[PDB]
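Peer 1: One structure is given below, represented as structure tokens, and several questions about it will come after.
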Amino acid sequence: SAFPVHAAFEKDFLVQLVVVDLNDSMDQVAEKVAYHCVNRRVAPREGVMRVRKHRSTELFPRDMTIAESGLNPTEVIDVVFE
Amino acid sequence: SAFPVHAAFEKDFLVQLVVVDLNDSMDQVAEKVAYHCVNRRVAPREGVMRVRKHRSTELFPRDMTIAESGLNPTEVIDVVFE
Amino acid sequence: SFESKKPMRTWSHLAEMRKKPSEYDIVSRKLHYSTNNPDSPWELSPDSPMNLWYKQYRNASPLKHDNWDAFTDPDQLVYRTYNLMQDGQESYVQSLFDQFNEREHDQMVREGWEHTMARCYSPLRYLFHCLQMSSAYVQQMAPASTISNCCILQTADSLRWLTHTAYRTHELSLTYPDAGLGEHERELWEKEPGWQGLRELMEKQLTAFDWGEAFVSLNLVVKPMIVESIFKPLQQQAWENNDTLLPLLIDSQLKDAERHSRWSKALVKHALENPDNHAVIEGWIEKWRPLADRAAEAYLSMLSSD
Amino acid sequence: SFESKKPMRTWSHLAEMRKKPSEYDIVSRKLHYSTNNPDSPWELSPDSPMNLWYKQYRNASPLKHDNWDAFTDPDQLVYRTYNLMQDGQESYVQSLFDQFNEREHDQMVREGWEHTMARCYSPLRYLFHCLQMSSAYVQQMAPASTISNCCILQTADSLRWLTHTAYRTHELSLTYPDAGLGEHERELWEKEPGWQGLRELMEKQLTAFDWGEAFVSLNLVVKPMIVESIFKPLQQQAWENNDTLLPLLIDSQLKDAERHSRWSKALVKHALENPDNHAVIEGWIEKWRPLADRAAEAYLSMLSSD
Amino acid sequence: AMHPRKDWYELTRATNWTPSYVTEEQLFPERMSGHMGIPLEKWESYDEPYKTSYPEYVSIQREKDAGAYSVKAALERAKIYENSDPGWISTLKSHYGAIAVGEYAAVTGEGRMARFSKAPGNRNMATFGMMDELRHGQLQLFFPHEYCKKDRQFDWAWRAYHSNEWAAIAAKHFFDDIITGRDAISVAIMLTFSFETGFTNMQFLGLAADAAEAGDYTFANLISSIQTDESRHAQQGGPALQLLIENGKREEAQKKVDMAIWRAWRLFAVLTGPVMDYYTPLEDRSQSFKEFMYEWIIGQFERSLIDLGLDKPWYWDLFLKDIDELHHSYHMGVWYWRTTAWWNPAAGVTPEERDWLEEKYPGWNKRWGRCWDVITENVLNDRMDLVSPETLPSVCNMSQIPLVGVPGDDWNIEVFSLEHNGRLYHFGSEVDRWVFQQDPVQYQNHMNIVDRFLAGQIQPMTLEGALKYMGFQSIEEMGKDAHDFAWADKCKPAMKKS
Amino acid sequence: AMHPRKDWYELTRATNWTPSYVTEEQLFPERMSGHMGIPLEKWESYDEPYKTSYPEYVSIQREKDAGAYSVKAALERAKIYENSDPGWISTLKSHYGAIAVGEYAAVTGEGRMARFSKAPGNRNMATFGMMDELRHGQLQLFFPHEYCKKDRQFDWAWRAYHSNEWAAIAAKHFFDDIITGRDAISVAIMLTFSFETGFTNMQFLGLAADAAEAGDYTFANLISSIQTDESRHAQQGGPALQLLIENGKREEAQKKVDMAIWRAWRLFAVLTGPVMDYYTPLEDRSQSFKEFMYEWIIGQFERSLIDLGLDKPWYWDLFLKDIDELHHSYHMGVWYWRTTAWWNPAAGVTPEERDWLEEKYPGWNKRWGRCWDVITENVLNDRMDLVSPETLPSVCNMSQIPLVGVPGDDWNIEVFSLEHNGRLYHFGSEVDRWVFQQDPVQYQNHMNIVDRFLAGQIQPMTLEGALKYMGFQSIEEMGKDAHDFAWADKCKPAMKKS
Amino acid sequence: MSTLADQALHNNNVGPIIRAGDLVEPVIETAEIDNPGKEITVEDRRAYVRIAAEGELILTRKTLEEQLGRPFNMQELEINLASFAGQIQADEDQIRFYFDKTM
Amino acid sequence: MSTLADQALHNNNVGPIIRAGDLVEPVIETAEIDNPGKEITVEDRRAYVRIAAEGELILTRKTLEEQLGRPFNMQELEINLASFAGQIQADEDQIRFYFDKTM
Ligand SMILES: [Fe+3]
Ligand SMILES: [Fe+3]
Ligand SMILES: [Fe+3]
Ligand SMILES: [Fe+3]
């Protein structure tokens, strides 16, 4: 159920390896990524963190799990604010 | 045992669909491609026709079969003279 | 095998009409190839974004007919004949503008009429632009080229009306430079109560993306409301205020509006060949009527006020 | 956890030598990182073409030792000290050229000697270039940097000899312009019987790609043959023909040749620490000796002929 | 008196407002609008440089059509159909088939902008653009219609876009990608800027030059009149482009222009290239395809792109090489597989034509000339089975056109392949592969004609099966050599014993 | 008397012959030689423009070394180690580690040409090239050796290439691709032309300028002396390139140059960029990294490429954008993950340095400045856990360097992904992905450091496990902030209650 | 190719492309008259003529009306203006073809 | 970027880059003397100096020996010639830095 992704957080300078869980919601995924960015290189801010496939327009629902998303291990995601 | 390849014959202007057999030797593959090129758009000539993965340097042995080669269906091959 | 066949007198798709095909038939019929393949309207990935848009908002519309292409514009207008017709009507309107300006018409209107015009007429450019944008949407989504062509000409007519309104707002400002003419229309459209029913109606209508709902709300609800509650009441007020140009201008605009009503009714008649469509069209009319009624009431109470 | 450790006086890989490391040790030892990973010599796809080449022709060589890096050049030469040594020997040779030219040495050689030189000396530029190319091959394939460095300096020495031969072929042509000096050497290398044993030997040696076989054939078979059957016989003939420059030139070249023999013997001694290697080295020597013997015999019969 | 347009024009485009009953994003959804997050206020500075207004439009467009139709009527008896070189007639057939219904599709690109662009001037100019493309579709159906009674191949002026014929698939894949399948700002950049100020000048003016030389004034007059509208509505692109650059979207803008220009190039190389250098009779070739490319695309179009602040596309040098090579091979492919076209390709390889080709493309005879040598020999020796194909060409998964290269003495051919989501795709250039990778969701499940043949979508699996799948209804409709091989009569005869 | 070189030089390179006992292809196998089928005879016109001969070589190179070693000896007591800014000392550590053993690898690139090039002048010049690179490897081990007794990080002058430390992997993947892993003609084009007339001038002369400003003359004198050899042996590339173009191989030549320049760029952006714009003390920055790029790479190198008949690379505009952006992010990555480096990165973000960065790269403070703001705040508030990483960066499958982008106010980041043979690869640019696609067999089964971590090759799976896997032997060897965060003392203090 | 294409791209030619008909000669004449001390180049392609000057080329309504010999409004030029080189700026009095940059 | 990079690329500057030491001033002086009616530009980077002229720049052995003040052979320049702009052609008498093309 360990599931590696590569994640780019909004306003950060890089993409990082973040190992999430197959059964994680997108809300949970966003939080696991934010851990490695917010208050490290990215200023905290108000708003709702959302997950999308890298460079996509369409956002994954907040409640959707990694398993439900159709994402493959080691694919790239962005975490952005809506 | 039908096996589609895309083949570019030496001195011709295009790549063509040629359906060969899984158990065909490279000698047989070359001949099946030559059918659609030699005396149609390519002058016949002396020499031994050889098969290689497209743009490769290394040639497949004459005796090797499609099955033995590791080629996947619809991959591109060249047929050239050695 | 393959046959040897002889030439046809017209397109293969028209070759079994009994009548000689008209110019209209030759140049207008069965031109949307995007309806040929239900799974891929456009020649792209079947689930490309625009393919999904068209599968949802055209193909899946509850308004259904097995032959939308057989729809015929009652006026059988083509680009060529539209321009002949409209150059006639528009040269007439431009000649009125010239002549009435020569006679200094705007100076002779009843005291205060410029303020009524600033408030109730000049912001119509926003309303007319909304009709223009909406007509273009029905154009791009309609399931037959003969339907789309009617929408194209209707989109042009909406811009015609917008342009009359722009020209006349400017012209009136020249006689009456202290009325906000050409300066305050956005503020009125956004903030004035008499415009808010109309603004709410159009913002919501422009977000009705199903082709059938777009068509019905625009052409069967919104546009007829404009005729009965905006155009005709303005003609009456103009008569009471010695504005003799506005009634003539509106009469020309009403010719366009009647044409839009004609083709739209013809489309309904075509659609009702399918009995299922009656409840569908009725449902949307009933959905949108209250909003249109509120819009008209708010406008009329503004036109009536001091 | 991780330790806190103090600085070392030299590289970590030398830190457990008992002696203070020399310049040679510091700059020469254990520099081929391509031997670290048997499955991927180079930091590329494990089966990239050059990775396959090195796995076949270096890693899989039957000549085996568990510590090729412990090989030491007996002369412990580095770039700096090679250039000091060779500037000394080369300035000496260039001074001989100058002086012997001043004394018009080439005019005083025995009648016909220019023809012997044209036939048996000037084409040595091809042979020496083959030694140069071959030495470079052993360089790039050898499994330790200390071995490779010896090959680098040997490649330079081969070019040194080629250049002496070029310079002297040109110089001799100035006194003897009708002997084909500087004009016919390729033709002799390609066609002259006395050169064909040597040409066949080098063409085949240059296609021996296993590093160990390349090393043994070049340094234990070909090069010693050149010393005993080409260099020394030319000195003898030169003495008989009142050429007093050639024996001195060859004596300087022989200093280089002795150095190549010294390091090569040291490598054999290192290799024989593994008893398996004796039959391997013996096998290759026995494989290549007949070709070298034929080469020498054909050369000598040409040098002896009229 | 009347007041001049300059005095009231601004009111015609004072039409943006701040939404209150729905959100800005609901009214202008990004997937349809393509505003790239640029707020409404910023779009108000959009200023179309080539303006018109409703009264002027209807008056002037009335006059444009009066001329086009009058010239057609006056020349009905000029015997263009019966007296023209058949290569010219095939040029008409390929033009009307490839273009007429695509023009009508362009209405939808303009409509997309008229509803969904955040720039008010763009919405109005796009309304005229909708009208313009309606004109172009109607003209280009009306004009060939009279030839239906003469030749079933003219039915394709209407039929092509309703077919799965390979060239029709190529046209639709292009037009659906750049015109009808993307958001309003993408259309503004890709269609009006990239396509309508670029390549349409080749088919509608370059070709008009050849038409005039050929004495076909009905056609020359028609297509040049059409281009006068294009020259106006195409000026919607520049201001969109300048706005995107001003608002930090240069990179996005450049990528879209780069993509659209390449996509247009490959289609035009298959349509216009063979027309200009082979189908048009030699005496009527005003300039070569490459000369016209240097005039219209390099000298005019690309210079305009640089003036607006964009860069030369990354593939510049590949493009220049392609201009020397690609259409010669596409011509060869279309001619060899002529039975799959709705027009009759002219081979265009009589000695005098080969001398011209050599002059215009030095080295031609040692390249394509080698293939035409084999073909010519076969024709002269009546070996006709060898002039018709018994397999399919491999086809690009982007352009939908055969994968080609340079034949003959310095043979070079390259296919650029890609695995994506467990499927293997093949492209005719680095640039085509790059286009796919820019937007895989647009393309990923599309199947080209060869993919369909291999998947069992084309039944039966024979030349005949494919031809029927492609919409052919009779022997007469399928392409033949334009001159029924009478061109071999100008080649040195193949001698036989007496 | 002595005869001048011009009179006997041709005999030194009259060394080609026609093989008889083995075939030409057996003697010069394409996989090692890279002759592209060009026959022996054609290679004889190769004419190296920068010649030398054995007697001159040994004499002149003796003098070069006498000077380099004398200056070193005379300056041993200048207290460079103890008195230099630690950012300067880290520059020395990164230089010698990244370069010394790579120079010795370059012997093999030269040896590849000396045996396998069909051009006789190339084989001789490559023999001097072998000698030159031997010099450079030996100098660049000897020089740092004396610092071993002072600082374990100098051990990496020898150790780096024997490690799996990430930057060492990046260096080896580059050098093994362009120097030791390809055929002789590829080396001639890629190493000597692309790399040795291009990027080495930045690290060996640009950096020498900064060294001289910093008062480190031992180093400035060393690296400039080394470059004098490069300037000679690099002139093997031009004639190879001109020969390939003359023989119909322009396209192949251009592709190789394009590939090698980009590969060199990414490595040099991670090594030299942070050195020039951050580690070198502000007072010693002769020019910015970008200014030096414009001098050496744009103004000199690319102009030379055009003079020789090549085209600007297709990625020109991407490259220009990268020069403004890439190294700022690579610096950030190397500094944040400093514990994985064998040198101590200087942050280089005191207010005075930030003013300089803004001057040299307008907009810097609203981009990278945003990240450094967060970092600076944490340092001032002693929130040190937030200045050290708890995961891995994503890494390019070509360059082996973190995947980065522009941070801050106009955030933009892009990863260019590729599926190939049922594996997913990720690249830091369009160009890196393109390089992979040019020669997949070179790269396809290579695993980057992240791929290894995910595959279970790095045990245990922790920062510590990775650090040990990378060859670190003590706390002292792993990178720290150069100034132990003393730079925060120049930032406005974070106030607390009294 | 390289040299040829570079030369083709690095031009500053601006001006109308007029479609065969009654505007061809009047526009040529107007280009000459309304741009004194600009050399006007004309390329004749039978179906169209390519008229150009360096950097800027103006056509005034008044001149065009004189050269055409009949009443003329500037907007009417679009009946015959098939294309143009340069950016365009047009009003009731004249049309201006121009470039912002010099190549 | 665009304008800046174009200007940087479109130069015809050729000449030696000399590494700090005893050849810097003599080479500057020789460049001036041996190329009369060429403007010589010099950029001082302390560790090296960048010396240039438009299109061609010659350094003769005889001039360099005079400016250096001691016996000098042309090949010895490589002790101090760290890089150069332009193509190179060298013999016993002189070195020539040059371009074939004009940008
Ligand atoms: Fe059109
Ligand atoms: Fe258009
Ligand atoms: Fe080096
Ligand atoms: Fe080097």
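By order of appearance in the structure tokens: chains A, B, ..., then residues from 1 within every chain, and ligands from 1 in the order shown.
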Got a sec to check which residues lie within 6 Å of ligand 4, using only C-alpha atoms and all ligand atoms, and send them as a ChimeraX atom specification?
Peer 2: /F:133,196,230
Peer 1: With C-alpha atoms retained, export the selected residues as a PDB file, in the first residue's frame.
Peer 2:
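Written output follows (again18.pdb):
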```pdb
ATOM      1  CA  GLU F 133      44.968  14.622 -20.029  1.00  0.00           C
ATOM      2  CA  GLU F 196      36.684  21.491 -24.664  1.00  0.00           C
ATOM      3  CA  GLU F 230      42.948  22.096 -23.965  1.00  0.00           C
TER       4      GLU F 230
END
```
Peer 1: If the limit is 7 Å from any atom of ligand 1, counting only C-alpha atoms and all ligand atoms, which residues qualify? Return them as a short mmCIF file (atom, residue, chain, number, x, y, z; two decimals) with N, CA and C atoms, in the first residue's frame.
Peer 2:
```cif
data_model
loop_
_atom_site.label_atom_id
_atom_site.label_comp_id
_atom_site.auth_asym_id
_atom_site.auth_seq_id
_atom_site.Cartn_x
_atom_site.Cartn_y
_atom_site.Cartn_z
N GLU E 103 -14.02 24.85 -44.35
CA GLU E 103 -14.39 26.26 -44.20
C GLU E 103 -15.62 26.37 -43.32
N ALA E 106 -14.74 25.99 -39.82
CA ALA E 106 -14.11 27.21 -39.29
C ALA E 106 -15.13 28.18 -38.70
N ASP E 132 -17.91 35.32 -42.34
CA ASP E 132 -16.91 35.10 -43.41
C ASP E 132 -16.77 33.62 -43.74
N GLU E 133 -16.64 32.78 -42.73
CA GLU E 133 -16.45 31.35 -43.00
C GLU E 133 -17.71 30.71 -43.55
N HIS E 136 -17.40 31.35 -47.09
CA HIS E 136 -16.37 30.55 -47.76
C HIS E 136 -16.85 29.13 -47.98
N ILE E 226 -11.96 35.25 -51.52
CA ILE E 226 -12.05 34.61 -50.22
C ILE E 226 -10.93 35.09 -49.30
N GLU E 230 -10.16 36.58 -45.16
CA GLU E 230 -9.19 35.95 -44.26
C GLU E 230 -8.25 37.03 -43.76
#
```
Peer 1: I need the contact residues of chain F against chain B, so if you could list those with any atom within 12 Å, counting only C-alpha atoms, and return them as a ChimeraX atom specification, that would help.
Peer 2: /F:29-31,34,36-37,421,437-441
Peer 1: Would you save the residues from that selection as an mmCIF file, in the first residue's frame, using N, CA, C and O atoms?
Peer 2:
```
data_model
loop_
_atom_site.group_PDB
_atom_site.id
_atom_site.type_symbol
_atom_site.label_atom_id
_atom_site.label_comp_id
_atom_site.auth_asym_id
_atom_site.auth_seq_id
_atom_site.Cartn_x
_atom_site.Cartn_y
_atom_site.Cartn_z
ATOM 1 N N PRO F 29 36.679 -0.873 -36.739
ATOM 2 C CA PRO F 29 35.274 -1.272 -36.575
ATOM 3 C C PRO F 29 34.394 -0.061 -36.263
ATOM 4 O O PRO F 29 34.771 0.768 -35.414
ATOM 5 N N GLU F 30 33.263 0.073 -36.967
ATOM 6 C CA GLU F 30 32.409 1.259 -36.795
ATOM 7 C C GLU F 30 32.068 1.559 -35.332
ATOM 8 O O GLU F 30 32.030 2.726 -34.935
ATOM 9 N N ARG F 31 31.832 0.528 -34.519
ATOM 10 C CA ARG F 31 31.396 0.776 -33.130
ATOM 11 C C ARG F 31 32.488 1.495 -32.314
ATOM 12 O O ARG F 31 32.174 2.152 -31.327
ATOM 13 N N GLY F 34 33.592 4.991 -35.619
ATOM 14 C CA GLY F 34 32.550 5.982 -35.937
ATOM 15 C C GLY F 34 32.707 6.742 -37.254
ATOM 16 O O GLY F 34 32.257 7.901 -37.370
ATOM 17 N N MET F 36 31.273 6.354 -40.013
ATOM 18 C CA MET F 36 29.986 6.518 -40.729
ATOM 19 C C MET F 36 30.066 6.072 -42.196
ATOM 20 O O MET F 36 29.408 6.650 -43.078
ATOM 21 N N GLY F 37 30.900 5.064 -42.441
ATOM 22 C CA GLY F 37 31.113 4.514 -43.791
ATOM 23 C C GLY F 37 32.000 5.328 -44.717
ATOM 24 O O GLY F 37 32.152 4.978 -45.895
ATOM 25 N N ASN F 421 10.005 0.839 -23.140
ATOM 26 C CA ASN F 421 10.121 -0.566 -22.766
ATOM 27 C C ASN F 421 9.489 -0.890 -21.415
ATOM 28 O O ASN F 421 10.078 -1.602 -20.612
ATOM 29 N N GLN F 437 16.049 9.812 -26.419
ATOM 30 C CA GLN F 437 15.392 9.231 -27.593
ATOM 31 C C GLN F 437 16.332 9.091 -28.788
ATOM 32 O O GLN F 437 16.071 8.290 -29.693
ATOM 33 N N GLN F 438 17.422 9.857 -28.794
ATOM 34 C CA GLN F 438 18.406 9.743 -29.875
ATOM 35 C C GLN F 438 19.178 8.440 -29.818
ATOM 36 O O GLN F 438 19.655 7.960 -30.845
ATOM 37 N N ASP F 439 19.342 7.886 -28.615
ATOM 38 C CA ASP F 439 20.187 6.690 -28.462
ATOM 39 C C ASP F 439 19.762 5.863 -27.230
ATOM 40 O O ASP F 439 20.505 5.752 -26.252
ATOM 41 N N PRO F 440 18.546 5.293 -27.253
ATOM 42 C CA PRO F 440 18.046 4.642 -26.032
ATOM 43 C C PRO F 440 18.922 3.502 -25.511
ATOM 44 O O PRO F 440 18.981 3.276 -24.303
ATOM 45 N N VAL F 441 19.606 2.793 -26.398
ATOM 46 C CA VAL F 441 20.450 1.681 -25.928
ATOM 47 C C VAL F 441 21.587 2.161 -24.997
ATOM 48 O O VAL F 441 22.027 1.419 -24.110
#
```
Peer 1: Check every protein, DNA and RNA residue against ligand 2, keep those with an atom at most 12 Å away (counting only C-alpha atoms and all ligand atoms), and present them as a compact mmCIF listing (two decimals) with N, CA and C atoms, in the first residue's frame.
Peer 2:
```txt
# COMPACT_ATOMS: atom_id res chain seq x y z
N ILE E 99 -11.24 21.47 -48.77
CA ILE E 99 -11.48 22.79 -48.18
C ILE E 99 -12.92 23.16 -47.86
N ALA E 100 -13.87 22.83 -48.74
CA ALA E 100 -15.21 23.44 -48.62
C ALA E 100 -15.87 23.21 -47.26
N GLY E 102 -14.44 22.06 -44.57
CA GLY E 102 -13.54 22.59 -43.55
C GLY E 102 -13.76 24.08 -43.29
N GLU E 103 -14.02 24.85 -44.35
CA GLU E 103 -14.39 26.26 -44.20
C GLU E 103 -15.62 26.37 -43.32
N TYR E 104 -16.61 25.50 -43.56
CA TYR E 104 -17.82 25.56 -42.74
C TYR E 104 -17.50 25.18 -41.28
N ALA E 105 -16.60 24.23 -41.07
CA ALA E 105 -16.11 23.94 -39.70
C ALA E 105 -15.46 25.17 -39.04
N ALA E 106 -14.74 25.99 -39.82
CA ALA E 106 -14.11 27.21 -39.29
C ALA E 106 -15.13 28.18 -38.70
N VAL E 107 -16.39 28.13 -39.15
CA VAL E 107 -17.46 28.89 -38.46
C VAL E 107 -17.45 28.61 -36.96
N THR E 108 -17.26 27.34 -36.62
CA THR E 108 -17.28 26.90 -35.21
C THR E 108 -16.07 27.44 -34.44
N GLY E 109 -14.89 27.50 -35.07
CA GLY E 109 -13.75 28.15 -34.42
C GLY E 109 -14.04 29.62 -34.13
N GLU E 110 -14.64 30.31 -35.10
CA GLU E 110 -15.00 31.72 -34.90
C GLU E 110 -16.09 31.83 -33.83
N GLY E 111 -17.06 30.92 -33.87
CA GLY E 111 -18.15 30.94 -32.86
C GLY E 111 -17.64 30.70 -31.44
N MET E 125 -15.24 40.84 -33.68
CA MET E 125 -14.55 40.46 -34.93
C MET E 125 -14.82 39.00 -35.29
N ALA E 126 -14.98 38.16 -34.27
CA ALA E 126 -15.27 36.74 -34.48
C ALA E 126 -16.69 36.52 -35.03
N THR E 127 -17.60 37.44 -34.73
CA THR E 127 -18.94 37.41 -35.32
C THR E 127 -18.86 37.63 -36.84
N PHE E 128 -18.09 38.64 -37.25
CA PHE E 128 -17.79 38.77 -38.68
C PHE E 128 -17.04 37.58 -39.21
N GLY E 129 -16.15 37.01 -38.39
CA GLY E 129 -15.41 35.79 -38.81
C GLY E 129 -16.36 34.62 -39.07
N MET E 130 -17.37 34.46 -38.21
CA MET E 130 -18.40 33.41 -38.41
C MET E 130 -19.08 33.61 -39.77
N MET E 131 -19.45 34.86 -40.05
CA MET E 131 -20.10 35.19 -41.31
C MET E 131 -19.17 34.93 -42.49
N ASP E 132 -17.91 35.32 -42.34
CA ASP E 132 -16.91 35.10 -43.41
C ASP E 132 -16.77 33.62 -43.74
N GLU E 133 -16.64 32.78 -42.73
CA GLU E 133 -16.45 31.35 -43.00
C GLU E 133 -17.71 30.71 -43.55
N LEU E 134 -18.85 31.19 -43.20
CA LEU E 134 -20.10 30.76 -43.83
C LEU E 134 -20.09 31.06 -45.32
N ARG E 135 -19.65 32.30 -45.65
CA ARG E 135 -19.45 32.65 -47.06
C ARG E 135 -18.52 31.65 -47.73
N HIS E 136 -17.40 31.35 -47.09
CA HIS E 136 -16.37 30.55 -47.76
C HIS E 136 -16.85 29.13 -47.98
N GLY E 137 -17.56 28.57 -47.00
CA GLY E 137 -18.14 27.22 -47.15
C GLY E 137 -19.17 27.18 -48.27
N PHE E 175 -7.97 20.10 -38.74
CA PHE E 175 -8.96 21.13 -38.45
C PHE E 175 -9.65 20.92 -37.09
N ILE E 179 -9.00 24.07 -34.85
CA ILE E 179 -10.14 24.95 -35.08
C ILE E 179 -11.31 24.65 -34.15
N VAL E 187 -7.78 28.96 -30.39
CA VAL E 187 -8.24 29.23 -31.75
C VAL E 187 -7.66 30.57 -32.24
N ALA E 188 -7.73 31.60 -31.41
CA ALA E 188 -7.21 32.92 -31.81
C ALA E 188 -5.74 32.83 -32.25
N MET E 190 -3.84 29.79 -32.80
CA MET E 190 -3.53 28.67 -33.70
C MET E 190 -4.17 28.81 -35.08
N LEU E 191 -5.44 29.21 -35.12
CA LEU E 191 -6.15 29.28 -36.39
C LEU E 191 -5.82 30.62 -37.04
N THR E 192 -6.17 31.71 -36.35
CA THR E 192 -6.23 32.99 -37.04
C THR E 192 -4.82 33.49 -37.22
N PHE E 193 -4.05 33.54 -36.14
CA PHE E 193 -2.64 33.83 -36.38
C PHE E 193 -1.87 32.77 -37.20
N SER E 194 -1.69 31.58 -36.65
CA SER E 194 -0.78 30.63 -37.30
C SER E 194 -1.26 30.23 -38.70
N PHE E 195 -2.44 29.61 -38.79
CA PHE E 195 -2.98 29.14 -40.09
C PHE E 195 -3.42 30.19 -41.15
N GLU E 196 -4.18 31.22 -40.74
CA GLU E 196 -4.83 32.16 -41.67
C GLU E 196 -3.95 33.31 -42.17
N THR E 197 -2.87 33.61 -41.44
CA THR E 197 -1.86 34.54 -41.97
C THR E 197 -0.68 33.77 -42.52
N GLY E 198 -0.72 32.46 -42.36
CA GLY E 198 0.38 31.64 -42.86
C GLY E 198 -0.06 30.90 -44.10
N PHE E 199 -0.37 29.64 -43.89
CA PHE E 199 -0.49 28.73 -44.99
C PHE E 199 -1.63 29.02 -45.94
N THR E 200 -2.69 29.71 -45.49
CA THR E 200 -3.79 29.87 -46.45
C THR E 200 -3.40 30.74 -47.64
N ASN E 201 -2.43 31.64 -47.46
CA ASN E 201 -1.93 32.41 -48.61
C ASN E 201 -1.33 31.53 -49.73
N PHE E 204 -4.56 29.84 -51.47
CA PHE E 204 -5.53 30.76 -51.99
C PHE E 204 -4.97 31.94 -52.79
N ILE E 226 -11.96 35.25 -51.52
CA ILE E 226 -12.05 34.61 -50.22
C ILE E 226 -10.93 35.09 -49.30
N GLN E 227 -9.72 35.19 -49.85
CA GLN E 227 -8.57 35.56 -49.03
C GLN E 227 -8.65 37.00 -48.47
N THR E 228 -9.40 37.87 -49.15
CA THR E 228 -9.59 39.24 -48.66
C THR E 228 -10.30 39.22 -47.32
N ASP E 229 -11.22 38.26 -47.13
CA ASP E 229 -11.90 38.12 -45.81
C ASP E 229 -10.93 37.58 -44.77
N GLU E 230 -10.16 36.58 -45.16
CA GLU E 230 -9.19 35.95 -44.26
C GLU E 230 -8.25 37.03 -43.76
N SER E 231 -7.82 37.90 -44.67
CA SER E 231 -6.84 38.92 -44.31
C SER E 231 -7.38 39.87 -43.24
N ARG E 232 -8.70 40.05 -43.20
CA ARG E 232 -9.32 40.84 -42.13
C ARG E 232 -9.49 40.03 -40.84
N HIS E 233 -10.20 38.91 -40.88
CA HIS E 233 -10.50 38.20 -39.62
C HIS E 233 -9.27 37.52 -38.98
N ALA E 234 -8.25 37.25 -39.79
CA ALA E 234 -7.00 36.71 -39.24
C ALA E 234 -6.32 37.67 -38.26
N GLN E 235 -6.65 38.96 -38.36
CA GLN E 235 -6.04 40.00 -37.51
C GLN E 235 -6.62 40.00 -36.10
N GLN E 236 -7.39 38.96 -35.78
CA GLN E 236 -7.76 38.70 -34.38
C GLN E 236 -6.62 38.09 -33.56
N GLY E 237 -5.65 37.45 -34.23
CA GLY E 237 -4.61 36.71 -33.54
C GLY E 237 -3.55 37.60 -32.90
```
Peer 1: Write out as a PyMOL selection string the residues lying within 10 Å of segment 79-82 of chain G, counting only C-alpha atoms and excluding same-chain residues fewer than 5 positions away.
Peer 2: (chain E and resi 60-61+63-65+67+201+204-205+223-232) or (chain G and resi 16-24+27+48-50)
